[PDB]
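One structure is given here, and the rest of the page talks about it.
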Amino acid sequence: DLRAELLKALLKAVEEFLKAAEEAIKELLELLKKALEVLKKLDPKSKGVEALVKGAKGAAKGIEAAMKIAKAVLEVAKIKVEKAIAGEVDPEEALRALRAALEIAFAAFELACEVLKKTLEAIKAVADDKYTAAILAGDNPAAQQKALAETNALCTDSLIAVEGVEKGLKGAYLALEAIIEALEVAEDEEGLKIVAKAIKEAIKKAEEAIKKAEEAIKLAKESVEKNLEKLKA
Amino acid sequence: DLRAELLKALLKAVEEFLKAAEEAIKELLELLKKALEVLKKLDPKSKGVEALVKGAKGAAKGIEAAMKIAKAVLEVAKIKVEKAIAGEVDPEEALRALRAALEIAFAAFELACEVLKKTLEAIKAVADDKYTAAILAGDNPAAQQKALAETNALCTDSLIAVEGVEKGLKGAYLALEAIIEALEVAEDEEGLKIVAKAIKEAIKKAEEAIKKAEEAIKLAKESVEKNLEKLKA
Amino acid sequence: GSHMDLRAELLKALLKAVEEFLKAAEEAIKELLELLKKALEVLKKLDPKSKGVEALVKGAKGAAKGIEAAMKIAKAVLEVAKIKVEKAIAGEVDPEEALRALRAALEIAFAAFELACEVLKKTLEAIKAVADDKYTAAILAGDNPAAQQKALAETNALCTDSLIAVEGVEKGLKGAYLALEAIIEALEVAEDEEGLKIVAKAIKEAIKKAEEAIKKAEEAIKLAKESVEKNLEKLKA
Amino acid sequence: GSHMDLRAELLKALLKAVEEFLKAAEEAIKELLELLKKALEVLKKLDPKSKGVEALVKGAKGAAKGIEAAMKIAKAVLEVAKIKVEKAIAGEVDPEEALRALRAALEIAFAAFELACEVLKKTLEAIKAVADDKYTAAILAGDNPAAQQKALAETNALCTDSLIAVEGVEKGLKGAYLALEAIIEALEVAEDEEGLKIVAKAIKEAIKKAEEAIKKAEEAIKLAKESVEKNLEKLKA
């Protein structure tokens with residue numbers, strides 16, 4: 001009865017994780033397009049920048065495909081949980097199914113953060129190299145140093161925002177992963193009662209971490225979106 | 001009995017590791033709170049920083065939840081060790097439990113160091129963008145460069161302190177992780193006698209590393225706390 | 001027939017996607033190792049009497065040998081993967097052995113690819129760091145600070161552009177590797193008919209999107225060749 | 001018959017290659033920990049009243065202890081690996097049990113090695129960052145900015161060359177580790193006679209390329225010792 005109770009609370013918590021993960025992925029990929037536009041306008045004749053754009057588009061395709069799989073695996077996990085509660089299938093198959101949906105989602109999420117991180121850092125590096133060339137050329141060094149300082153200030157604020165999103169979900173992914181690891185060690189009734197108290201508290205805090213992560217995702221949207229418009233201008 | 005002898009010292013070593021890991025997590029998360037305060041004060045109208053603050057609190061929740069699991073798994077590990085010493089259960093079940101408790105804690109510990117590192121780097125990056133804006137604005141560039149230089153000195157030494165704590169326990173985690181793998185390969189009596197000498201010396205060096213890590217934990221609180229006050233000041 | 005046919009259909013398209021991935025991975029490694037050769041020459045010319053620079057050259061050549069050796073393995077495993085997939089379609093072998101074989105060929109190659117991008121990045125970052133230390137030493141010595149800062153700014157612009165190009169190549173295949181790894185993970189969880197009907201739609205779309213990612217990566221690889229090769233010539237001059 | 005001879009032949013050459021890796025990795029670890037001692041002293045001399053620096057020193061001493069423990073385990077497992085290989089040749093034990101032992105000894109050794117490279121790299125980066133904070137504070141204070149800016153450039157030049165040297169060591173063995181890891185993965189997939197015949201060609205070539213990487217790595221280890229040691233004494237003076 002305790003095992004069936006834990007599997008339900010874990011399954012519900014994992015469902016909440018995929019929702020937040022999907023919201024993040026949709027918004028991060030939206031920011032990436034606008035970021036890629038700013039980068040092209042900043043350096044339109046660079047084959048290196050063009051390679052990054054093609055590479056970023058390819059990575060974006062893989063992220064979308066990977067989450068579609070994660071949603072389907074969650075559905076297979078739902079059935080396996082019911083059957084594990086009904087005693088038809090070994091509960092370990094349900095844990096591996098829940099683990100699969102969890103790991104696939106976070107994997108796609110972490111790649112989205114990395115592509116956006118590298119893109120914002122690319123804009124910063126390209127801008128630093130463009131203005132510095134004008135400063136040393138005497139093309140109004142006073143105005144160039146100001147735009148350089150402003151641009152770096154805008155990219156830094158966006159990089160800090162994206163890093164907050166990763167740390168938000170990484171904490172939730174860490175808690176849920178520890179819960180699944182406890183269930184794999186607690187195979188008998190004796191073990192399950194030892195971890196039951198810790199696991200129940202972990203599932204609640206994991207959902208709290210998702211809440212703070214969802215809040216962080218919203219602020220990251222406003223932060224990066226506004227900063228990308230000032231850069232475009 | 002020789003296998004039971006190693007399993008006893010190994011269980012003790014993992015218990016000491018979990019003790020140091022908890023103190024580290026307790027102190028690192030405490031420094032994070034003050035670090036988040038300094039970051040907000042540096043740029044109070046930045047939504048990017050706000051996203052990180054929410055994200056950092058969310059990550060902190062996951063670290064506490066993940067460590068609660070590590071405590072429970074250690075208790076389950078203790079019973080499986082007793083049964084392995086008494087011959088009721090295969091020692092492999094005890095090793096799988098010890099590895100889980102060990103890996104879960106270090107995962108939460110390594111994440112705590114990462115969140116704090118990112119926060120200190122944010123304080124450094126935000127200050128660099130604030131002072132540079134004042135230097136270029138003519139608001140006493142001599143004095144601003146002095147505050148800028150001091151701030152970078154304060155953030156840099158704090159990053160060195162956190163890095164010492166992470167490397168301390170990572171060394172201990174490496175030794176214990178190698179011991180568990182050796183016991184899993186040496187299943188027969190012949191194999192166990194070959195690794196016994198290497199394992200016993202490893203247990204001593206691993207505990208010495210945990211002690212050296214605790215010392216680093218002590219210095220890190222005093223160092224970072226003082227440095228964070230000067231930045232706030 | 002109603003369900004063993006859907007399994008055979010997915011395993012074939014998956015094998016095709018892995019085949020395209022393995023081809024792109026080989027092309028990437030071939031050119032990245034070529035750019036590394038040109039980069040090591042520029043690095044030696046930048047600091048020819050440094051034992052630190054020489055140590056990296058020795059280390060970089062050793063890593064290149066491991067990348068070439070690792071990819072020869074990845075192609076052979078693909079052949080073993082082909083046999084196990086066909087036998088799984090014919091019901092001769094459990095489908096997990098075919099999935100586990102595909103993972104080996106996939107993971108081993110991408111590992112060699114990941115190292116090629118990393119070694120090239122470290123070399124390009126070394127060229128930038130060595131040049132920064134050479135020009136700054138000349139600027140502080142009064143050896144025409146205006147011209148040195150111009151070369152310093154140009155050099156940093158050229159090294160940065162090459163690092164951005166390499167980063168685009170890695171992210172291109174990483175997206176494809178992400179999709180295919182998720183596809184295999186779904187097939188390993190969906191062993192029965194009921195689960196397989198749920199993931200079939202997502203898997204079919206994923207294999208197409210994965211093939212698009214491989215194409216977008218190949219384009220990035222070609223653009224990276226022209227950019228980095230040309231930039232390395234300007235640095236040598 | 002002939003397939004068991006091919007398997008026994010590959011397992012022997014693999015064991016030889018893995019044995020060379022652990023020895024070369026051990027020599028590197030011995031030298032890296034020796035350079036780490038000198039590096040911790042240079043950092044201490046640069047900032048003797050910083051508890052942050054002291055915390056890193058204590059942490060580095062602990063990490064150094066863990067690396068030695070991990071390497072002692074890796075040699076013992078290598079001995080167990082040799083016996084399991086002999087038993088697999090005689091057909092007494094499943095070859096998969098021997099592969100997990102070889103992989104274990106391989107993974108345990110490289111883990112300690114990669115940590116050693118990180119600790120030294122982090123220590124060298126700390127010396128560079130601490131020096132930047134010492135000279136810049138003096139430059140802004142008017143304490144002879146001409147001499148301070150030169151010392152700042154000289155220190156960064158010495159730290160950068162050492163970081164390039166250490167990076168050559170990491171890439172050297174990681175390339176060898178990549179080849180050996182790919183070989184072990186191929187043997188676990190090629191269980192039947194047909195599969196073993198496919199990987200024989202790739203594995204035999206890989207073992208030669210893997211040993212070539214070890215040779216180029218050993219050269220890098222020798223050059224890295226002289227480079228980093230020489231740079232560390234100039235800073236001490």
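Starting from 1 in every chain, residues are counted up; chains themselves are A, B, ... following the order of the structure tokens, and ligands are numbered from 1 as listed.
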
May I have the residues within 12 Å of residue 21 of chain B as number ranges by chain, using only C-alpha atoms and disregarding those fewer than 2 positions away in the same chain?
B: 14-19, 23-29, 63-64, 66-68, 70-71, 101-113, 165-166, 168-170, 172-173, 210-211, 213-214, 217

Dump of C-alpha atoms for the selected residues, as a CSV table (one decimal), in the first residue's frame:
chain,number,residue,atom,x,y,z
B,14,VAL,CA,30.6,6.6,3.8
B,15,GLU,CA,29.0,7.7,7.0
B,16,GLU,CA,31.8,10.2,7.6
B,17,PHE,CA,31.5,11.4,4.0
B,18,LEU,CA,27.8,12.0,4.5
B,19,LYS,CA,28.5,14.0,7.6
B,23,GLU,CA,27.9,20.4,6.9
B,24,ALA,CA,29.1,21.6,3.5
B,25,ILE,CA,25.6,21.8,2.1
B,26,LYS,CA,24.4,23.5,5.3
B,27,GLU,CA,27.1,26.1,5.0
B,28,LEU,CA,27.2,26.6,1.3
B,29,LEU,CA,23.4,27.2,1.2
B,63,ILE,CA,19.6,20.1,-2.6
B,64,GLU,CA,17.9,19.7,0.8
B,66,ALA,CA,18.1,15.2,-2.3
B,67,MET,CA,20.1,15.0,1.0
B,68,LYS,CA,17.1,13.8,3.0
B,70,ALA,CA,20.7,10.3,1.1
B,71,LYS,CA,20.2,10.0,4.8
B,101,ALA,CA,23.7,7.2,-0.7
B,102,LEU,CA,27.2,8.2,-1.8
B,103,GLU,CA,26.3,9.4,-5.3
B,104,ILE,CA,23.1,11.2,-4.3
B,105,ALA,CA,24.9,13.3,-1.7
B,106,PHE,CA,27.8,14.3,-3.9
B,107,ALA,CA,25.3,15.2,-6.6
B,108,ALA,CA,23.6,17.6,-4.3
B,109,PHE,CA,26.9,18.8,-3.0
B,110,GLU,CA,28.3,19.5,-6.5
B,111,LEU,CA,25.1,21.3,-7.4
B,112,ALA,CA,25.4,23.5,-4.3
B,113,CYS,CA,28.9,24.6,-5.3
B,165,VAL,CA,35.7,22.8,-0.8
B,166,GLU,CA,34.4,21.1,-4.0
B,168,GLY,CA,38.3,18.4,-1.2
B,169,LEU,CA,35.2,16.2,-1.2
B,170,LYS,CA,35.5,15.3,-4.8
B,172,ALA,CA,37.2,11.7,-1.1
B,173,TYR,CA,34.2,10.8,-3.3
B,210,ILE,CA,37.4,14.2,4.4
B,211,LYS,CA,39.2,15.9,7.3
B,213,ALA,CA,37.7,19.0,3.3
B,214,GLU,CA,36.1,19.9,6.7
B,217,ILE,CA,34.6,24.1,4.9

What are the residues of chain C that have an atom within 8 Å of an atom of chain A, counting only C-alpha atoms, as a PyMOL selection string?
chain C and resi 149-150+153-154+156-157+160-162+164-179+182-183+185-186+189-190+195+198-199+202-203+205-206+209-210+212-217+219-224+226-228

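Residues lying within 8 Å of residue 223 of chain B, counting only C-alpha atoms and ignoring same-chain neighbours fewer than 2 positions away, are residues 158, 161, 219, 220, 221, 225, 226 and 227 of chain B; 50, 51 and 52 of chain D.
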
I need the residues from that last selection saved to file as a short mmCIF file (atom, residue, chain, number, x, y, z; two decimals), in the first residue's frame (with C-alpha atoms), if you can.
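Saved file result.cif follows:
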data_model
loop_
_atom_site.label_atom_id
_atom_site.label_comp_id
_atom_site.auth_asym_id
_atom_site.auth_seq_id
_atom_site.Cartn_x
_atom_site.Cartn_y
_atom_site.Cartn_z
CA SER B 158 35.45 33.72 -2.70
CA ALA B 161 37.30 29.25 -1.41
CA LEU B 219 37.82 28.50 6.25
CA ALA B 220 35.26 28.98 3.47
CA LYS B 221 32.51 30.23 5.79
CA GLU B 225 31.06 35.74 4.89
CA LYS B 226 33.64 38.48 5.46
CA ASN B 227 34.09 39.13 1.72
CA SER D 50 44.00 34.79 2.45
CA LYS D 51 41.93 32.04 4.05
CA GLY D 52 40.33 31.50 0.65
#

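Comparing A:185, A:228, A:84, A:196 by their smallest distance to residue 31 of chain A, the closest is A:228 (using only C-alpha atoms).
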
Please determine the contact residues of chain C with respect to chain D at a cut-off of 6 Å, counting only C-alpha atoms, and supply them as an MDAnalysis selection string.
chainID C and resid 51:52 55:56 58:59 62:63 65:66 69:70 72:73 76 80 133

What lies within 10 Å of residue 153 of chain B using only C-alpha atoms, ignoring chain neighbours under 6 positions off, as a PDB file with N, CA, C and O atoms, in the first residue's frame?
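Writing the result to around-v4.pdb gives the following:
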ATOM      1  N   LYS B 124      30.044  39.448  -9.470  1.00  0.00           N
ATOM      2  CA  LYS B 124      31.218  39.994 -10.141  1.00  0.00           C
ATOM      3  C   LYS B 124      30.859  40.594 -11.496  1.00  0.00           C
ATOM      4  O   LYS B 124      31.314  41.692 -11.836  1.00  0.00           O
ATOM      5  N   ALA B 147      36.790  50.967  -6.446  1.00  0.00           N
ATOM      6  CA  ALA B 147      35.715  50.076  -6.020  1.00  0.00           C
ATOM      7  C   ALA B 147      35.598  48.876  -6.950  1.00  0.00           C
ATOM      8  O   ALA B 147      35.341  47.752  -6.501  1.00  0.00           O
ATOM      9  N   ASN B 227      34.008  38.500   3.037  1.00  0.00           N
ATOM     10  CA  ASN B 227      34.085  39.132   1.722  1.00  0.00           C
ATOM     11  C   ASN B 227      32.726  39.648   1.263  1.00  0.00           C
ATOM     12  O   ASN B 227      32.641  40.695   0.611  1.00  0.00           O
TER      13      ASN B 227
ATOM     14  N   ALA D 129      44.641  34.717 -11.442  1.00  0.00           N
ATOM     15  CA  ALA D 129      43.604  35.641 -10.991  1.00  0.00           C
ATOM     16  C   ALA D 129      44.054  36.441  -9.774  1.00  0.00           C
ATOM     17  O   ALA D 129      43.747  37.633  -9.662  1.00  0.00           O
ATOM     18  N   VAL D 130      44.776  35.802  -8.849  1.00  0.00           N
ATOM     19  CA  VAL D 130      45.255  36.506  -7.662  1.00  0.00           C
ATOM     20  C   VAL D 130      46.298  37.549  -8.044  1.00  0.00           C
ATOM     21  O   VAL D 130      46.292  38.671  -7.524  1.00  0.00           O
ATOM     22  N   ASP D 132      46.529  39.101 -10.920  1.00  0.00           N
ATOM     23  CA  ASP D 132      45.797  40.191 -11.557  1.00  0.00           C
ATOM     24  C   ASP D 132      45.221  41.150 -10.521  1.00  0.00           C
ATOM     25  O   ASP D 132      45.173  42.364 -10.748  1.00  0.00           O
ATOM     26  N   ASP D 133      44.779  40.624  -9.377  1.00  0.00           N
ATOM     27  CA  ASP D 133      44.208  41.464  -8.332  1.00  0.00           C
ATOM     28  C   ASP D 133      45.269  42.196  -7.524  1.00  0.00           C
ATOM     29  O   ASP D 133      44.971  43.243  -6.939  1.00  0.00           O
ATOM     30  N   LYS D 134      46.495  41.674  -7.481  1.00  0.00           N
ATOM     31  CA  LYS D 134      47.565  42.327  -6.736  1.00  0.00           C
ATOM     32  C   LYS D 134      48.170  43.484  -7.522  1.00  0.00           C
ATOM     33  O   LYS D 134      48.328  44.589  -6.993  1.00  0.00           O
ATOM     34  N   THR D 136      46.965  45.056 -10.371  1.00  0.00           N
ATOM     35  CA  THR D 136      45.977  46.077 -10.717  1.00  0.00           C
ATOM     36  C   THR D 136      45.682  46.990  -9.533  1.00  0.00           C
ATOM     37  O   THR D 136      45.514  48.204  -9.703  1.00  0.00           O
ATOM     38  N   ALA D 137      45.617  46.426  -8.324  1.00  0.00           N
ATOM     39  CA  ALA D 137      45.425  47.251  -7.137  1.00  0.00           C
ATOM     40  C   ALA D 137      46.593  48.204  -6.923  1.00  0.00           C
ATOM     41  O   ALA D 137      46.400  49.327  -6.444  1.00  0.00           O
TER      42      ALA D 137
END

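Among the candidates B:134, B:38, B:9, B:231, the one nearest to chain A when counting only C-alpha atoms is B:134.
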